[PDB]
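This report concerns only the one structure given below.
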Amino acid sequence: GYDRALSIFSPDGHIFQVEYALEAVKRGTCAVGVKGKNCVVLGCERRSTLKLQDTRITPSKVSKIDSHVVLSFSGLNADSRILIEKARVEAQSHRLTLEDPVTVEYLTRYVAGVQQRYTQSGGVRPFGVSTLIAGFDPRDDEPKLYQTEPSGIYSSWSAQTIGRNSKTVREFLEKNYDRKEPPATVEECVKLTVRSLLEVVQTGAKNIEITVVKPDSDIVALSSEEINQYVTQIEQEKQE
Amino acid sequence: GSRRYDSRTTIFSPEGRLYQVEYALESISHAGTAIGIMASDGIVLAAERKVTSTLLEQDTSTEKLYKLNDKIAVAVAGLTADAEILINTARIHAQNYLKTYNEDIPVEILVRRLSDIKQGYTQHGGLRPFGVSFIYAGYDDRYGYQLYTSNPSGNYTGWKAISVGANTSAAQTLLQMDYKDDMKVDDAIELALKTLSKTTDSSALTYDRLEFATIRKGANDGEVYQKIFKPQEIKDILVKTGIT
Amino acid sequence: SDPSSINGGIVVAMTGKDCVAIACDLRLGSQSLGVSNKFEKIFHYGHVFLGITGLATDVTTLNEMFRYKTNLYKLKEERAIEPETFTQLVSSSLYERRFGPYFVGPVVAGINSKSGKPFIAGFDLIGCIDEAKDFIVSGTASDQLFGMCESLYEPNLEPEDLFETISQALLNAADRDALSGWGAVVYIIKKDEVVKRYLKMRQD
Amino acid sequence: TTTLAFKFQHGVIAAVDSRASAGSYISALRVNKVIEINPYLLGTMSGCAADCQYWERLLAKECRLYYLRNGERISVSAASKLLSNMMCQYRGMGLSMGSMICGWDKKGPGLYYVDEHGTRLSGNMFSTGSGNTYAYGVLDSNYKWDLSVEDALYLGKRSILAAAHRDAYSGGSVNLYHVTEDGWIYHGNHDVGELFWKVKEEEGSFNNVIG
Amino acid sequence: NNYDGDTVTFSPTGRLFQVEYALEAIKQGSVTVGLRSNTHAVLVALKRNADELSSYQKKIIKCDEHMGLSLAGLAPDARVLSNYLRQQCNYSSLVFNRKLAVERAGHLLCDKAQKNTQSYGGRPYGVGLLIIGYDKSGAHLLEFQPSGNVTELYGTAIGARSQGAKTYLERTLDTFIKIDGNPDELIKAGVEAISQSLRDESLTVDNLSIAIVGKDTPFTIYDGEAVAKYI
Amino acid sequence: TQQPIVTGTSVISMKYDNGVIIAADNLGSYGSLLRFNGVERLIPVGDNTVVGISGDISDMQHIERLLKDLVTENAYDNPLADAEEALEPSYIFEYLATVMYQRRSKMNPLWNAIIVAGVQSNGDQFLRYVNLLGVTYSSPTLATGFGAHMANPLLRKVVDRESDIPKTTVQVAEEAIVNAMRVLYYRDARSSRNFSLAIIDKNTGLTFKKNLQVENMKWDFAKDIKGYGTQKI
Amino acid sequence: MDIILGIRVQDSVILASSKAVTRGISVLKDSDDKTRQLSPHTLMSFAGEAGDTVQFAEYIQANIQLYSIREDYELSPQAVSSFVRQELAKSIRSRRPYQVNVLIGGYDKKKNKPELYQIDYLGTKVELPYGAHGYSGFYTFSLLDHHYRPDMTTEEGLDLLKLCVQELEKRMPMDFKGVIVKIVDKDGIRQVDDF
Amino acid sequence: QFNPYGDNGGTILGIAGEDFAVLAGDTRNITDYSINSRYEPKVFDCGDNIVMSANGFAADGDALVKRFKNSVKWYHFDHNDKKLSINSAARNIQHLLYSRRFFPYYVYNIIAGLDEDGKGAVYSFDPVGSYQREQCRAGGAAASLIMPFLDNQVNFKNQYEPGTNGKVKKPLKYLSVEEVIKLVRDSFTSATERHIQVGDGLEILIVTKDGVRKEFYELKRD
Amino acid sequence: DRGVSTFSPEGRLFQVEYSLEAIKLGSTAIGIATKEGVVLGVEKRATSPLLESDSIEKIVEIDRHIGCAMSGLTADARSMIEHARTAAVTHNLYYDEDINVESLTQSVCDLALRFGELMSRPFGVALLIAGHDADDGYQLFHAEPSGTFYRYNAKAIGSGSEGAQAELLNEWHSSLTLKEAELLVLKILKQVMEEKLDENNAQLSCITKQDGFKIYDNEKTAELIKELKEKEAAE
Ligand SMILES: *[B]([O])([O])[C]([C][C]([C])[C])[N]C(=O)[C]([C]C1=[C][C]=[C][C]=[C]1)[N]C(=O)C1=[C]N=[C][C]=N1
Ligand SMILES: [Mg+2]
Ligand SMILES: [Mg+2]
Ligand SMILES: [Mg+2]
């Protein structure tokens, strides 16, 4: 079998293949995650270079791993499918062997472990993908939001963004998001998520996707018109 | 040892691109243009054969349009030999699904499977990727008529109208201009041929330089028919639309 | 215990003048218990017809397998498979399980689309081909069917006469078999039309 | 062997005998048929002693690793399932193990029956081994959810005594356990010889036997 | 230069540079001395610390009741090779009820190290070993190089500044070989030998490591206050 | 799992003051057929060990080749192969014992019973038994098959315990062994008159005696035995 | 285990399964639910050798749940039954086959039709208006053959099911400790808590 | 058909004192009705103040002891010459036995020594690896003859105090090493009389804080 | 290119030496051993204020009697921790006892050099393994990707290591109390950290014979930080 060590250290103590995988993430469309008091919202950018697209059948950016956990990403699209499939298999494997669904932290730890494994295994390259994993633990009303990256490190975030121009939207979130008082309602959480994407997106038409996840496996994706109403209200307040 | 001669086909560039995938896409940009257009009552697949000869046996020839099953077909752009490897795998996958569930495979599931195979060659194994881009035209009872494309990266997307191969930039602009949502198959047939006629590198668009196919519910009552056009039938539709 | 007689069932095929016929009972049982009266044992792949007797799980499995293989054949060959070619495919497929066989008694019937010649064939569970001119029998009442066919059959029967002959061969054989019956179907096959007839019979 | 376990108001009681035999020969008078997996988990033993000891001490390994990775104690449901999955791998290979996994977790008290076939049953009351039929008689006629810890301990004790008396392959002594939300509590070793006479006098039972 | 990228490549003068670079790792290692008489064999090792808070890296490893070694270079490679010796000594006992001859132990180490010098992908071992032992033919001392070369000697030293101790033993050859039935005097000669390789630092109580094996003496290692007697 | 085809019967042995004696007949039986009359079942290993083998002959020949290879292998890179690092009886036995137990553990045994007789470096007598099951034991006298039932009782009258070994001379020990071989010829239906005998002494070394015969047999009393009860003529 | 029954009426499928579990000569449990929800509109009851039953059921459940998540779509009862059949036909020629018989009751939301599939451990599949496994059919099929109509209501289906259980309770030597009854229709799966 | 198992007879006995432990066993080795050896040692000093005996099929017994002795050696190598405690040795032996769960070592095994508080310890094993600490255990051929006698004379079972008539038990007073050896010798003398596989010789290994001592006694040779 | 297991002309493995450079870029971790216990402390170093700092887990339990702190490519540590936990619990299964700290450390270090062309590269993380056993008492080990491990009275790893180690050189003595060690870790962490030390960006832990391994609460550490400030202002 092909055993070639592709991810290796350089004289300055860097693994370039892992670092170049982060550059692939930088190229990917922007993804954002914001957790309110009783919910988590996942926002995703859709680049409008591709029109004549069939939005019914085109792979959506946010993927359900189980009925209570979701996963969005930034980077190579094909790479993300492999992580999602593995995550979905592990979710059912956990339910089967332990009789409880996975915690959001556990699912994140698994996906992060897969990413790490691909940084010190022979004949393979790292995943060019960073993920945002969100949801609610079984019989728990505390929101969960985690981030992973090609190196395999993961951590919990009150709010986070990844992908192209993520530096700008993180700048926005850092000054707008208050920890002592997070978005109390679904409206406030979605509004803040749309606002953050409007710093980067371009047009607020079909370029913004929003997915709201609430406790007890209550997950819904907002439509174009519902999002368009947020886009309208934000700019009308801005004209002042 | 052997390491000396390894090109390392599955690595990132400093910019975060996959070298071999990008170069495979460069190869595909020189292949004959293939176009797919989805209508409310069917799908059209049109494709240009590359600089042919008068001594080529056209009626028994197939380089662009292939049948995966009774409901799904593909248009090819790139290395034909590479495409046939993948096509035969897809044909088997469709039959595996049918045997397991006793239902015809949903279009997206077949597309995802082939796209995952392409993805694998970019991440592990140390082999060159498949220099192929597909346009998938298919029907199932969930989403109805569907158009997809996949490329050597293993990434796939859905479309109302799309082109692959040569002059896609020019072709996509022309499609984006004249396409409408309430369009029908007969209109889509005309759009596909008109787009090829303007984007072609050849002097004139003739029957012997084309492969054509439709997927219609124009089959007697609630069912779908695949029509791979014969040379004489391509010649007739060229006259009908007013190109020759 | 005997896998070939757990579920029960029969199939018979006959040649006629420019036609063939293939027929089967509809019973599926668990030894003495009758489970289903709609278990058809005849399938078709294009214009080639295949009847299968024996263990029901293998009947279903082999149908799905030959559907799989004939669909690929057609995609590659760009034509429907012929009875002679399909017969060899059945034989090859059964012999590959020589030491772990499907417990079945397949029967092929059809008309070659090019030559127009009627064709029938029978197999044992492991692929041996019996290419008869007159008739083929299979199942738990095969002894009964042999006796009926060997006396009732005559060559060059017209389609509507052949129907009566094969129907009476099946019906009376099934009525002397505890594990066969519960309905019956007969296919009458001509070069470009096929008629399917369900027969009325005793339901015990 | 006779083992029993039952859920009640104030947790779960676990009681076992202590006899081990090789044919008619009583090879051990005092075997420990309960394993302390962790301060909140117990496992009973019936069948082959080697299989019971090996696979339930291996279960404790897996429950400890669960706690280290997750920082949280394993549920009774999850622990019982890990064990039943171990049995499913050696499915048909000839293992002989019948056990009850007793504990207290976030859902309150928990009790699962697991055997060598891979069977996994949740319930309020179970009994296993050669003398389980005798124990069930006493249990079924006296069990309530409204039992006190004192009365519940006695019921499980008295139920093992019933089996030890009649079943030739049950006896020796009774080991009692009481599982709470603050952990299991051992309630001693009780010789059946001494217990029988004590119960006969105080309770008036076993009139048929002369003392 | 162009021929040192891997172990599978000879240079134009017939040299194996990766093996030579592995040999270099031994020279960087701390000094260790070996010497023997006709009755006993002794190892003396100068242990090295990282700093004042750290412990002193152990240098001597027991392989069997009648055999053991001292290391200089990559310590993990010594653990791998000593583990192999333990297994081979143990295979000899379990199968043949026979204590493994020291000479045969050297032949086994040679062959194990050699395989790493001729194949692609692997690397040579980066450690040198001094094996002592007492078998049916008396006391023995061996020197192992990761090139594969194993040598039987009366006395020797490996590691940094080992040339000083090696010269001393070459002078003392006729004296220390005759130290029969006197373990303490043989150790003294070894401690005096390793002292010829010291600069700036001297032998302290947690610095010095000594091992001995002999006629009626199992392989035993002395550390801590057990070697204060010899300081 | 197999069955033995061509077989060898008893091997008998005992310790004496300065060494050990071992003996075995020269027959290779094929069931009740006394097929092969020139089979050597005592196999010397160096000048300090004799391995006596009973049971399946094809397996014996295999073991014979293993021992021959063991000598070859011991000499490799061994300057003291004919001195301090020569093969000992204890080494040879432990090797065979390892092989026998491994083969039984794979359910494919070497269908033999083996006695390793020899003298160690320090002059100590070595005498140990091993068989197809990997079972091992040592005793002042050892015998396989019929020898265990008939020879051991006779040999144990000479050396009944450990303290009788120094009191037993080589002449007395050989006399007992030779008598036992005669008794086995009277009573074992798979025995032969021809046998081999080996003595391993700490002073005089290995003495291997071939083509020995059972002699001084009592048969004359047979002439007086008539009928099975009442018959007089 | 012992008893599993199924009946397909006008607008629903009703599955009835016994509650008993026996080890040796002792009935360990009289409230066991011999069923698993494979999807919101598909229920599978099971009976066979100890251990294998639950193991197989949970394995099928995990596979269907995995499919549901991957495609964001519920497989038709027919598709699920074919998947199950293939797994059993695969299993019968394995080193150690899974000795499990199943009934699959589902409501097809596309066709708006209830569907009942009977599959034995060999992988023998049949679609039926009513079905059973083991000896259950020997006692009950004569009643079902007589009383069954395809236009029956759910309430009429339950009454005919009660008559079947009563006949079983009269003529079977084994005490199966009553049955748990579940209904599968357009609204999903629900349990009849009084039977 | 080849039978990989055999029976070599023999009997063993372990008794735990207050600050000592004894492991005894007869020296006779047999097959069927023949004697293989009158003196074939069966109880072994395994190092670290632990004694061991694997009674039953001698080939499996020798293999297990050999592997445990090996396990002690590697325990020293791997854990800085740490002394293997009797409880740790016992658990280790369980895993040695259970590795052959489906092709078992056909032996009843006993080990004896001192626990970590200096008190006498005996552990007893079945062929598949179930084990437990005990005060008293006889194993092997005559195990059923000896154990009841030890229940009576070591644990004072069914013995009460005169005058009370069954009300007060005989108190469980501790036994000296001289007292235990008397009970061991009488146990084997009695077993020799009624069991054909027991005889020839008796070898006792006594374990104290000072080390392992041996004692040998003659038994009847018939 | 060149082999992954290649020696340099100086006699060092290139990859091992390069992994050591990655560890120098890692956040600081300090360990101090005393006769009353071993203290482990780490710099969390959150990349952004929105990152919930309590999810940063750079101090980890291996067993009840063994703790572990990490520095460098922390993702690499997860499989090492998993192996350590398995080794610790497996030894308890085989020997009915706690495993020696040195033996646990040796087991972790055996993974280190299992790389080539096994894993494709060495680990890019260093570990401070602290614990207690009955034989050698309270112990602190430094486990490197070279496969080497040194025992230490006190040790610092990560970006501020050489500065911290010089400070530990002067401050450590054999009579340190547990409380004194706690403040000493906080003091040296505060010295080498970029951001100002508080209970949210720094974490403490310890291992004692009685209570075993414990990660300190943010409330408990906050008091020790306040106690540190006052005693530094006291002179
Ligand atoms: B009990 O009877 O199930 C008991 C439980 C075990 C944990 C000690 N088992 C045994 O007594 C079995 C025999 C048996 C008797 C009755 C039913 C089932 C099994 N004996 C042993 O496990 C055993 C093990 N080693 C030595 C002697 N006996
Ligand atoms: Mg009938
Ligand atoms: Mg009893
Ligand atoms: Mg006797």
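Residue numbers (PDB author numbering), protein chains in the order written: chain Q, 1 to 240; chain P, 1 to 244; chain W, 1 to 204; chain Y, 1 to 211; chain S, 3 to 233; chain a, 1 to 233; chain X, 1 to 195; chain Z, 1 to 222; chain R, 1 to 117, 125 to 242. Yeah, the Cβ is synthetic: ideal placement off N, Cα and C, and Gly gets one too.
Listed in chain order, the non-local C-beta contacts of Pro159(W) below 7 angstroms within the same chain comprise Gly16, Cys19, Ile188, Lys190, local neighbours out to five positions each way being set aside. Under DSSP, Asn189(Y) forms a beta bridge with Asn175(Y). For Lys82(Z), the residues of chain R that pass the 8 angstroms Cβ criterion are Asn100, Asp142, in the order they occur in the chain. By the rule that beta-carbons nearer than 7 angstroms mark a contact, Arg91(Z) touches chain R. Taking each of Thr1(a), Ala75(a), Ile165(a), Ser54(a) in turn and checking the Cα distance to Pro109(a), the smallest one comes out for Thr1(a). Shown here for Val199(Y): same chain residues with a beta carbon closer than 8 angstroms to its own, the five before and five after excluded, namely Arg158, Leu161, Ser205, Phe206 in chain order. Residues of the region 87-103 of chain S with a Cβ closer than 8 angstroms to any Cβ of chain Z, in chain order: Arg88, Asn92, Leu96. Contact annotation for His149(a) against chain Z: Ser34 [CB-CB distance below 7 angstroms, chain order].
Within the region 185-212 of chain Q, the complete alpha helix (DSSP H) runs of at least 4 residues fall at 186-198.
The C-beta of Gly123(Q) comes closer than 7 angstroms to at least one C-beta of chain P. At a threshold of 6 angstroms, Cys52(Y) counts as near ligand 1, since its beta carbon sits closer than that to one of the ligand's heavy atoms.
Beta-bridge pairing by DSSP links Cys44(Q) to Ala31(Q), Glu209(Q).
Of the heavy atoms belonging to ligand 2, at least one sits nearer than 6 angstroms to the Cβ of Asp204(W).
The beta-bridge partner set that DSSP reports for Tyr136(S) consists of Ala141(S).
In this structure, DSSP gives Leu162(W) a helical state, which the three-state scheme calls helix.
For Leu42(a), the CB contacts under 6 angstroms within the same chain, skipping 5 residues up- and downstream, are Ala24, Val50, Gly52, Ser196, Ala198 in chain order. At least one heavy atom of ligand 4 lies less than 6 angstroms from the C-beta of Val198(Z).
Sorting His10(Y), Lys7(Y), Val16(Y), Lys81(Y) by C-alpha distance to the C-alpha of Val192(Y) places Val16(Y) at the top. Per the CB criterion, closer than 6 angstroms to any heavy atom of ligand 1, the qualifying residues run in chain order as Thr1(Y), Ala20(Y), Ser21(Y), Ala22(Y), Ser27(Y), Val31(Y), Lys33(Y), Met45(Y), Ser46(Y), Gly47(Y), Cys48(Y), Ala49(Y), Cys52(Y), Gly129(Y), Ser130(Y), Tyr169(Y), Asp126(Z), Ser130(Z). Not a single C-beta of chain W is nearer than 7 angstroms to the C-beta of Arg113(P). Annotation: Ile11(P) to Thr52(P) spans about 37 angstroms, alpha carbon to alpha carbon.
7 angstroms or more divides the Cβ of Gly47(Y) from the Cβ of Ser77(Y).
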